[PDB]
Amino acid sequence: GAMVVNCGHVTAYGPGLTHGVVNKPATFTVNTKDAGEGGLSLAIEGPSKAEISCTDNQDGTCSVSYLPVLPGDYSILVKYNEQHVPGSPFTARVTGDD
């Protein structure tokens with residue numbers, strides 16, 4: 001196992017890779033810390049689809065924002081330069097309220 005002092009050039013983390021909330025915005029964080037200013041990409045699968053928005057900020061992240069509209073096992077596909085990341089895929093288990 002790794003430590004916090006030796007992490008990779010580009011990472012994806014947060015509760016939005018592993019859980020969800022139907023009809024309220026689901027989010028997680030990505031960080032191109034030695035990879036660059038950005039340029040990575042995503043795709044999301046499941047029983048249903050999402051809009052996969054993002055925000056630039058001033059903190060160096062590529063902050064991802066999506067919206068699950070039906071309860072399900074929403075599979076994140078992270079890619080870095082045309083191929084998948086070292087920990088891909090991920091699966092956001094979205095729970096419902098109605």
# chains A, B, ... in the order shown; residues from 1 in each chain; ligands from 1
$ select_by_dssp --residues "chain A" --states "strand (DSSP E)" --output "MDAnalysis selection string"
chainID A and resid 11:13 19:21 26:31 41:45 53:54 64:66 72:80 83:84 90:95
$ residues_around --residues "residue 87 of chain A" --least-positions-apart "6" --cutoff "12 Å" --atoms "only C-alpha atoms" --output "list in words"
residues 8, 10, 11, 12, 13, 17, 76, 77, 78, 79 and 80 of chain A
$ residues_around --residues "segment 64-68 of chain A" --least-positions-apart "6" --cutoff "10 Å" --atoms "only C-alpha atoms" --output "PyMOL selection string"
chain A and resi 12+16+20-30+42+44+46-56+74+92+94-96
$ write_last_selection --atoms "C-alpha atoms" --output "PDB file, in the first residue's frame"
ATOM      1  CA  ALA A  12      -9.988  10.731  -8.655  1.00  0.00           C
ATOM      2  CA  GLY A  16     -19.598  10.321  -5.736  1.00  0.00           C
ATOM      3  CA  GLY A  20     -25.330   8.600  -4.971  1.00  0.00           C
ATOM      4  CA  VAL A  21     -28.604  10.516  -4.301  1.00  0.00           C
ATOM      5  CA  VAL A  22     -31.430  10.330  -6.895  1.00  0.00           C
ATOM      6  CA  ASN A  23     -32.607  13.756  -8.222  1.00  0.00           C
ATOM      7  CA  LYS A  24     -29.906  15.766  -6.259  1.00  0.00           C
ATOM      8  CA  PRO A  25     -26.450  16.671  -7.812  1.00  0.00           C
ATOM      9  CA  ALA A  26     -23.813  13.946  -7.297  1.00  0.00           C
ATOM     10  CA  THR A  27     -20.145  15.101  -7.198  1.00  0.00           C
ATOM     11  CA  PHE A  28     -16.519  13.948  -6.782  1.00  0.00           C
ATOM     12  CA  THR A  29     -12.995  15.512  -7.137  1.00  0.00           C
ATOM     13  CA  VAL A  30     -10.177  14.959  -9.669  1.00  0.00           C
ATOM     14  CA  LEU A  42     -15.052  10.657 -18.105  1.00  0.00           C
ATOM     15  CA  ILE A  44     -20.933   7.330 -16.791  1.00  0.00           C
ATOM     16  CA  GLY A  46     -26.038   2.591 -15.350  1.00  0.00           C
ATOM     17  CA  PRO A  47     -29.832   1.932 -15.857  1.00  0.00           C
ATOM     18  CA  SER A  48     -30.038   5.674 -16.737  1.00  0.00           C
ATOM     19  CA  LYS A  49     -27.751   8.607 -17.856  1.00  0.00           C
ATOM     20  CA  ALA A  50     -26.271  11.939 -16.556  1.00  0.00           C
ATOM     21  CA  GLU A  51     -25.026  15.383 -17.882  1.00  0.00           C
ATOM     22  CA  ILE A  52     -21.339  15.164 -16.622  1.00  0.00           C
ATOM     23  CA  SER A  53     -20.603  18.896 -15.981  1.00  0.00           C
ATOM     24  CA  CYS A  54     -17.427  20.339 -14.366  1.00  0.00           C
ATOM     25  CA  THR A  55     -15.939  23.491 -12.677  1.00  0.00           C
ATOM     26  CA  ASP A  56     -12.459  25.052 -13.155  1.00  0.00           C
ATOM     27  CA  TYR A  74     -23.762   4.192 -11.824  1.00  0.00           C
ATOM     28  CA  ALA A  92     -21.593   4.944  -7.515  1.00  0.00           C
ATOM     29  CA  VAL A  94     -27.267   5.821  -6.014  1.00  0.00           C
ATOM     30  CA  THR A  95     -30.068   5.423  -3.406  1.00  0.00           C
ATOM     31  CA  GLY A  96     -33.580   6.932  -3.937  1.00  0.00           C
TER      32      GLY A  96
END
$ atom_distance --atom1 "atom CA of residue 31 of chain A" --atom2 "atom CA of residue 90 of chain A"
16.4 Å
$ atom_distance --atom1 "atom CA of residue 37 of chain A" --atom2 "atom CA of residue 9 of chain A"
11.5 Å
$ closest_residue --among "A:35, A:45, A:91, A:15" --to "residue 62 of chain A" --atoms "only C-alpha atoms"
A:35
$ atom_distance --atom1 "atom CA of residue 72 of chain A" --atom2 "atom CA of residue 39 of chain A"
28.3 Å
$ closest_residue --among "A:18, A:75, A:6, A:61" --to "residue 43 of chain A" --atoms "only C-alpha atoms"
A:75
$ decode --residues "segment 15-59 of chain A" --atoms "N, CA and C atoms" --output "PDB file, in the first residue's frame"
ATOM      1  N   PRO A  15     -17.040  10.714  -2.334  1.00  0.00           N
ATOM      2  CA  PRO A  15     -18.182   9.811  -2.152  1.00  0.00           C
ATOM      3  C   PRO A  15     -18.974   9.550  -3.448  1.00  0.00           C
ATOM      4  N   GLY A  16     -18.920  10.455  -4.439  1.00  0.00           N
ATOM      5  CA  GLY A  16     -19.598  10.321  -5.736  1.00  0.00           C
ATOM      6  C   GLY A  16     -19.029   9.253  -6.678  1.00  0.00           C
ATOM      7  N   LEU A  17     -17.933   8.568  -6.306  1.00  0.00           N
ATOM      8  CA  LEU A  17     -17.445   7.376  -7.013  1.00  0.00           C
ATOM      9  C   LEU A  17     -18.053   6.066  -6.485  1.00  0.00           C
ATOM     10  N   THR A  18     -18.658   6.097  -5.300  1.00  0.00           N
ATOM     11  CA  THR A  18     -19.073   4.905  -4.519  1.00  0.00           C
ATOM     12  C   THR A  18     -20.540   4.914  -4.043  1.00  0.00           C
ATOM     13  N   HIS A  19     -21.165   6.094  -3.919  1.00  0.00           N
ATOM     14  CA  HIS A  19     -22.578   6.286  -3.535  1.00  0.00           C
ATOM     15  C   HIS A  19     -23.219   7.421  -4.344  1.00  0.00           C
ATOM     16  N   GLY A  20     -24.552   7.554  -4.277  1.00  0.00           N
ATOM     17  CA  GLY A  20     -25.330   8.600  -4.971  1.00  0.00           C
ATOM     18  C   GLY A  20     -26.635   8.980  -4.269  1.00  0.00           C
ATOM     19  N   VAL A  21     -27.277  10.056  -4.747  1.00  0.00           N
ATOM     20  CA  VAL A  21     -28.604  10.516  -4.301  1.00  0.00           C
ATOM     21  C   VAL A  21     -29.443  10.869  -5.522  1.00  0.00           C
ATOM     22  N   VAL A  22     -30.522  10.115  -5.767  1.00  0.00           N
ATOM     23  CA  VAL A  22     -31.430  10.330  -6.895  1.00  0.00           C
ATOM     24  C   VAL A  22     -32.075  11.726  -6.835  1.00  0.00           C
ATOM     25  N   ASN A  23     -32.095  12.408  -7.979  1.00  0.00           N
ATOM     26  CA  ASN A  23     -32.607  13.756  -8.222  1.00  0.00           C
ATOM     27  C   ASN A  23     -31.878  14.908  -7.514  1.00  0.00           C
ATOM     28  N   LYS A  24     -30.759  14.694  -6.786  1.00  0.00           N
ATOM     29  CA  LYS A  24     -29.906  15.766  -6.259  1.00  0.00           C
ATOM     30  C   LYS A  24     -28.456  15.624  -6.771  1.00  0.00           C
ATOM     31  N   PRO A  25     -27.762  16.722  -7.139  1.00  0.00           N
ATOM     32  CA  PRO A  25     -26.450  16.671  -7.812  1.00  0.00           C
ATOM     33  C   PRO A  25     -25.416  15.811  -7.070  1.00  0.00           C
ATOM     34  N   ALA A  26     -24.894  14.800  -7.768  1.00  0.00           N
ATOM     35  CA  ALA A  26     -23.813  13.946  -7.297  1.00  0.00           C
ATOM     36  C   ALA A  26     -22.469  14.511  -7.781  1.00  0.00           C
ATOM     37  N   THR A  27     -21.458  14.495  -6.920  1.00  0.00           N
ATOM     38  CA  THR A  27     -20.145  15.101  -7.198  1.00  0.00           C
ATOM     39  C   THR A  27     -18.972  14.300  -6.620  1.00  0.00           C
ATOM     40  N   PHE A  28     -17.822  14.410  -7.278  1.00  0.00           N
ATOM     41  CA  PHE A  28     -16.519  13.948  -6.782  1.00  0.00           C
ATOM     42  C   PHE A  28     -15.374  14.819  -7.340  1.00  0.00           C
ATOM     43  N   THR A  29     -14.164  14.665  -6.812  1.00  0.00           N
ATOM     44  CA  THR A  29     -12.995  15.512  -7.137  1.00  0.00           C
ATOM     45  C   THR A  29     -11.953  14.741  -7.932  1.00  0.00           C
ATOM     46  N   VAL A  30     -11.365  15.406  -8.922  1.00  0.00           N
ATOM     47  CA  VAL A  30     -10.177  14.959  -9.669  1.00  0.00           C
ATOM     48  C   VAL A  30      -9.101  16.044  -9.596  1.00  0.00           C
ATOM     49  N   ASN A  31      -7.842  15.643  -9.686  1.00  0.00           N
ATOM     50  CA  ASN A  31      -6.659  16.473  -9.426  1.00  0.00           C
ATOM     51  C   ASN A  31      -5.472  16.076 -10.318  1.00  0.00           C
ATOM     52  N   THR A  32      -5.217  16.832 -11.388  1.00  0.00           N
ATOM     53  CA  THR A  32      -4.115  16.633 -12.358  1.00  0.00           C
ATOM     54  C   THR A  32      -2.750  17.151 -11.857  1.00  0.00           C
ATOM     55  N   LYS A  33      -2.472  17.047 -10.546  1.00  0.00           N
ATOM     56  CA  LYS A  33      -1.337  17.613  -9.791  1.00  0.00           C
ATOM     57  C   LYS A  33       0.041  17.630 -10.485  1.00  0.00           C
ATOM     58  N   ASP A  34       0.412  16.587 -11.231  1.00  0.00           N
ATOM     59  CA  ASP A  34       1.616  16.553 -12.096  1.00  0.00           C
ATOM     60  C   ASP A  34       1.319  16.200 -13.571  1.00  0.00           C
ATOM     61  N   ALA A  35       0.102  15.723 -13.852  1.00  0.00           N
ATOM     62  CA  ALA A  35      -0.436  15.486 -15.192  1.00  0.00           C
ATOM     63  C   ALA A  35      -0.601  16.751 -16.073  1.00  0.00           C
ATOM     64  N   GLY A  36      -0.995  17.896 -15.502  1.00  0.00           N
ATOM     65  CA  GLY A  36      -1.205  19.148 -16.243  1.00  0.00           C
ATOM     66  C   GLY A  36      -2.290  20.064 -15.649  1.00  0.00           C
ATOM     67  N   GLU A  37      -2.785  21.017 -16.449  1.00  0.00           N
ATOM     68  CA  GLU A  37      -3.903  21.925 -16.100  1.00  0.00           C
ATOM     69  C   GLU A  37      -5.316  21.286 -16.235  1.00  0.00           C
ATOM     70  N   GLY A  38      -5.368  20.068 -16.769  1.00  0.00           N
ATOM     71  CA  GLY A  38      -6.604  19.341 -17.111  1.00  0.00           C
ATOM     72  C   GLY A  38      -6.367  18.292 -18.227  1.00  0.00           C
ATOM     73  N   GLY A  39      -7.393  18.066 -19.052  1.00  0.00           N
ATOM     74  CA  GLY A  39      -7.328  17.289 -20.285  1.00  0.00           C
ATOM     75  C   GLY A  39      -7.757  15.804 -20.167  1.00  0.00           C
ATOM     76  N   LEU A  40      -7.961  15.299 -18.956  1.00  0.00           N
ATOM     77  CA  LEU A  40      -8.563  13.985 -18.694  1.00  0.00           C
ATOM     78  C   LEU A  40     -10.067  13.978 -19.040  1.00  0.00           C
ATOM     79  N   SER A  41     -10.693  12.799 -19.098  1.00  0.00           N
ATOM     80  CA  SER A  41     -12.114  12.690 -19.472  1.00  0.00           C
ATOM     81  C   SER A  41     -12.832  11.551 -18.749  1.00  0.00           C
ATOM     82  N   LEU A  42     -14.164  11.640 -18.725  1.00  0.00           N
ATOM     83  CA  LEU A  42     -15.052  10.657 -18.105  1.00  0.00           C
ATOM     84  C   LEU A  42     -16.198  10.183 -19.015  1.00  0.00           C
ATOM     85  N   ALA A  43     -16.809   9.064 -18.619  1.00  0.00           N
ATOM     86  CA  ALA A  43     -18.084   8.564 -19.106  1.00  0.00           C
ATOM     87  C   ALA A  43     -18.795   7.873 -17.932  1.00  0.00           C
ATOM     88  N   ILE A  44     -20.117   7.951 -17.850  1.00  0.00           N
ATOM     89  CA  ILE A  44     -20.933   7.330 -16.791  1.00  0.00           C
ATOM     90  C   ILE A  44     -21.996   6.421 -17.433  1.00  0.00           C
ATOM     91  N   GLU A  45     -22.106   5.205 -16.903  1.00  0.00           N
ATOM     92  CA  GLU A  45     -23.070   4.153 -17.276  1.00  0.00           C
ATOM     93  C   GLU A  45     -23.987   3.794 -16.096  1.00  0.00           C
ATOM     94  N   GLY A  46     -25.012   2.965 -16.327  1.00  0.00           N
ATOM     95  CA  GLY A  46     -26.038   2.591 -15.350  1.00  0.00           C
ATOM     96  C   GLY A  46     -27.357   2.146 -16.022  1.00  0.00           C
ATOM     97  N   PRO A  47     -28.488   2.111 -15.282  1.00  0.00           N
ATOM     98  CA  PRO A  47     -29.832   1.932 -15.857  1.00  0.00           C
ATOM     99  C   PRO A  47     -30.322   3.171 -16.638  1.00  0.00           C
ATOM    100  N   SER A  48     -29.673   4.301 -16.377  1.00  0.00           N
ATOM    101  CA  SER A  48     -30.038   5.674 -16.737  1.00  0.00           C
ATOM    102  C   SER A  48     -28.762   6.510 -16.928  1.00  0.00           C
ATOM    103  N   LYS A  49     -28.876   7.756 -17.428  1.00  0.00           N
ATOM    104  CA  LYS A  49     -27.751   8.607 -17.856  1.00  0.00           C
ATOM    105  C   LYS A  49     -27.628   9.880 -17.004  1.00  0.00           C
ATOM    106  N   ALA A  50     -26.563  10.670 -17.219  1.00  0.00           N
ATOM    107  CA  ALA A  50     -26.271  11.939 -16.556  1.00  0.00           C
ATOM    108  C   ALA A  50     -25.596  12.969 -17.514  1.00  0.00           C
ATOM    109  N   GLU A  51     -25.446  14.225 -17.053  1.00  0.00           N
ATOM    110  CA  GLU A  51     -25.026  15.383 -17.882  1.00  0.00           C
ATOM    111  C   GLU A  51     -23.523  15.732 -17.845  1.00  0.00           C
ATOM    112  N   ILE A  52     -22.771  15.050 -16.976  1.00  0.00           N
ATOM    113  CA  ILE A  52     -21.339  15.164 -16.622  1.00  0.00           C
ATOM    114  C   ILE A  52     -20.759  16.575 -16.886  1.00  0.00           C
ATOM    115  N   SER A  53     -21.158  17.532 -16.045  1.00  0.00           N
ATOM    116  CA  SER A  53     -20.603  18.896 -15.981  1.00  0.00           C
ATOM    117  C   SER A  53     -19.289  18.944 -15.171  1.00  0.00           C
ATOM    118  N   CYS A  54     -18.592  20.074 -15.212  1.00  0.00           N
ATOM    119  CA  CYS A  54     -17.427  20.339 -14.366  1.00  0.00           C
ATOM    120  C   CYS A  54     -17.250  21.829 -14.020  1.00  0.00           C
ATOM    121  N   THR A  55     -16.294  22.130 -13.134  1.00  0.00           N
ATOM    122  CA  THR A  55     -15.939  23.491 -12.677  1.00  0.00           C
ATOM    123  C   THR A  55     -14.415  23.652 -12.564  1.00  0.00           C
ATOM    124  N   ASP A  56     -13.897  24.760 -13.083  1.00  0.00           N
ATOM    125  CA  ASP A  56     -12.459  25.052 -13.155  1.00  0.00           C
ATOM    126  C   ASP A  56     -11.813  25.353 -11.783  1.00  0.00           C
ATOM    127  N   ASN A  57     -12.497  26.142 -10.933  1.00  0.00           N
ATOM    128  CA  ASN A  57     -12.019  26.741  -9.685  1.00  0.00           C
ATOM    129  C   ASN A  57     -10.662  27.480  -9.848  1.00  0.00           C
ATOM    130  N   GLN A  58     -10.029  27.786  -8.717  1.00  0.00           N
ATOM    131  CA  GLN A  58      -8.657  28.304  -8.582  1.00  0.00           C
ATOM    132  C   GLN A  58      -7.782  27.361  -7.731  1.00  0.00           C
ATOM    133  N   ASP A  59      -8.280  26.167  -7.403  1.00  0.00           N
ATOM    134  CA  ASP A  59      -7.654  25.192  -6.504  1.00  0.00           C
ATOM    135  C   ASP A  59      -6.923  24.039  -7.238  1.00  0.00           C
TER     136      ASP A  59
END
